[PDB]
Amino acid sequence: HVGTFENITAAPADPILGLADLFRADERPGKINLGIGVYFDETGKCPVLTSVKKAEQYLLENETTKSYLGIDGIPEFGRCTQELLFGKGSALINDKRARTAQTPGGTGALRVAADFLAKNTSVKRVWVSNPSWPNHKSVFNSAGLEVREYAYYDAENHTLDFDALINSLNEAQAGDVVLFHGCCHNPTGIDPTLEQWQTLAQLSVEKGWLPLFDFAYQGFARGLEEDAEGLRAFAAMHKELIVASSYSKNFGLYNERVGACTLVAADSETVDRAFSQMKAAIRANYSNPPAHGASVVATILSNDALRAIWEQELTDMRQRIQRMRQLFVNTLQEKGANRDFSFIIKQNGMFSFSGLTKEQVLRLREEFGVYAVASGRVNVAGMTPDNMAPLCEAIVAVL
């Protein structure tokens, strides 16, 4: 009677999280963490938004029960989500072509979609960008879906390689899923222009793809409505699509696990039929979703006063990151870098590829106490006026 657990092989280190335990252990003073994807403020802290604290006080005074939510969560949460993604007065909403389930984070939204697709459709293949968020492949593989990669980044020009993106998707067939980042591509910060989004929307229709949008950073590129232009171009042309969205970053609600999976089909009758199977996939996973984070979002979005506070806090975050992008480039020059880092200014969101090699990312860590993901992705929101000069001196030393 051998043990069931004896033949188990240890799992490797998570590329984004295996770094953060290694940082908490580093006993050297002045270590700098440019790793995980949370926003920091000017003091190097990840604070709770004021609008979130106000909403939580209201919930504390007014909640009378913790009784289970429905499988698909708080109804007002789904309605507010659809307005954010598609626009108030969107035809998708008036025609009742969309259904939204509240999920545990954006990751939970991707997993719910994966399980739904694997069990209820003939989907076998998901196409994701090279590079992408590393957990994309793990989520879809957990449902038994093959993940293929399409070309995306021109590492010479630090730009979108649009010709190669098109050519690399030539073999994506009708009924394959193609995954797009809605804005603030993770990790490159390079997003399609509006004309490129429109080109992709037309191509997607002709080839019969099922688009799946991962929308974790709405509001961090240009603004809430501007950042959804690409999704709304797809939505104007497609009968069917899926949107996995996250409120982890734009509400600073990371650890409360607040996301949404939104299904769109040709008509009300079809999406309700499909959504009933998505609810069955949720029930066999975590049963029903956590209330606290989504109650906060629904409260803020339903209250004109709180929503005005939140939108300003989101603008404040967006502008800080842009300020840091400029300061990073200026300070690298001041500290003597001869490589041109000006592409950094053109990139959107929290993350840019620095262009550093795994070998330089390792030298920064072991020699200077500066922590970046081994792909060379650095979190610009982890940079402050206080840590920018040491950080830049370190990069310049390993160049």
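Numbering starts at 1 and follows the sequence shown.
The mean Cα B-factor in the deposited entry runs higher for 350-358 than for the other of 350-358 and 47-55. Mean C-alpha B-factor is higher over 10-18 than over the other stretch, the pair under comparison being 383-391 and 10-18. Within the selection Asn135, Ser287, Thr159, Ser204, the deposited Cα B-factor values reach their highest point at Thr159.
In this PDB entry, the Cα temperature factor of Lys124 sits in the top third of its chain's modelled residues, the highest group. Ranked by Cα temperature factor within the chain, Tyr153 sits in the highest third according to the deposited record. In the PDB entry, a CA B factor belonging to the highest third of its chain's modelled residues is recorded for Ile36. Among the modelled residues of the chain, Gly89 sits in the highest third by CA temperature factor in this PDB entry. In the PDB entry, a CA B factor belonging to the highest third of its chain's modelled residues is recorded for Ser268.
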